[PDB]
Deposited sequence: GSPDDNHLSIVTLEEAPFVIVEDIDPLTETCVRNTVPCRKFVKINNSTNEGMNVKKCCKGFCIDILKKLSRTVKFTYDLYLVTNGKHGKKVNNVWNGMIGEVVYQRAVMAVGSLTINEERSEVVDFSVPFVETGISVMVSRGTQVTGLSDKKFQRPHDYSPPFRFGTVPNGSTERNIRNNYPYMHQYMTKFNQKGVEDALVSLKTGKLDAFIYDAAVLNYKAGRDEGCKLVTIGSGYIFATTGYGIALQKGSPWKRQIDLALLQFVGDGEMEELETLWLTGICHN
């Protein structure tokens, strides 16, 4: 009934805030982050941070509906999820190695992850999108500028934020594009939006739902998602749960109720809608 639940920051899905100068106020839920004392010890401390966002509003709704309480924590070993020598890290990892009953955030459902964890029904449509400055000419991932980057002189500059579903999808389908992209690996989304706006990168390949949110909220509406916000290798954001979990049913039916009720379209109006 009192479940360990992992999350990861990614505006607007999960937003971390520092606790008030005493406790967590408004729509915010408390969320602990284990912070190391130093980088040559395992000794650390659980800092009390304050979590909010679209997924946090889904989790807030789910505890009420499904009737559970939770101990919310932020993933420190990695990010979303990556298989390293057949050993999982990030949110996925936390659920696999029974450190979390479930993972709520901007976590992309994919076959690879569905072999190890059970996913709730999708709550946000996602996949791969291509953001450029308003004026770059790209048909999609299918572009010879991407498929064959050395056919063009000078070559096209494009990258992603590695160790996530996007990089796995590109590695899986386009081996030549992948090996080319690696030299343009971005630390995170903010670096890539700057590398884009400051002309240091010609296109940033990333998660559809985050790229679509970033376009709509762009200062001066210079950055855009190719097509009219076209998604390739279409998937969604799902709640990760342990294989054979008893919560799956209860969570799926609640999520399906929230879609039907209009409670989900409400969440999209509050958190995801943009200007541009």
| item | value |
| --- | --- |
| Deposited positions lacking CA coordinates | 1-5, 27-28, 284-285 |
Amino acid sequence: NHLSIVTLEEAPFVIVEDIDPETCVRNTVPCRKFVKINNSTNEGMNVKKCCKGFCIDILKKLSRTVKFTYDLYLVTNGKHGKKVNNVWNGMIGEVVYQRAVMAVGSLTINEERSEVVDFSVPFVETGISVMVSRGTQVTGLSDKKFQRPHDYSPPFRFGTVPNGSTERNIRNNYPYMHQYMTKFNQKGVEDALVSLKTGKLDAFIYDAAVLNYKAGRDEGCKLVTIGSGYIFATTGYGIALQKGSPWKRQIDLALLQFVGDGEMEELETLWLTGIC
From here on, numbers count along this sequence of modelled residues.
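Basically, rigid core = biggest C-alpha set you can superpose within 1.5 Å across the two forms.
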query	finding
Higher-deviation stretch (C-alpha RMS, rigid core fit) in 8 other deposited structures of this protein, choosing from 203-211 and 38-46	38-46
Across other compared entries, residue 21 missing in at least a third	yes
Higher-B stretch (mean Cα B-factor, as the entry records it), 136-144 or 96-104	136-144
Mean C-alpha temperature factor, higher of 50-58 and 213-221	213-221
Selection by C-alpha B-factor (highest) of 159, 78, 154, 164	154
Most elevated Cα B-factor in the entry, residues 242, 228, 250, 38	228
Lowest, middle or highest third - CA B-factor, residue 197	highest
For residue 236, the third of its chain into which the C-alpha B factor falls	lowest
Within-chain third of residue 268 by Cα B-factor, per the entry	middle
Third assignment of residue 85 from its chain's C-alpha B-factors	highest
Chain-relative CA temperature factor third for residue 66	middle
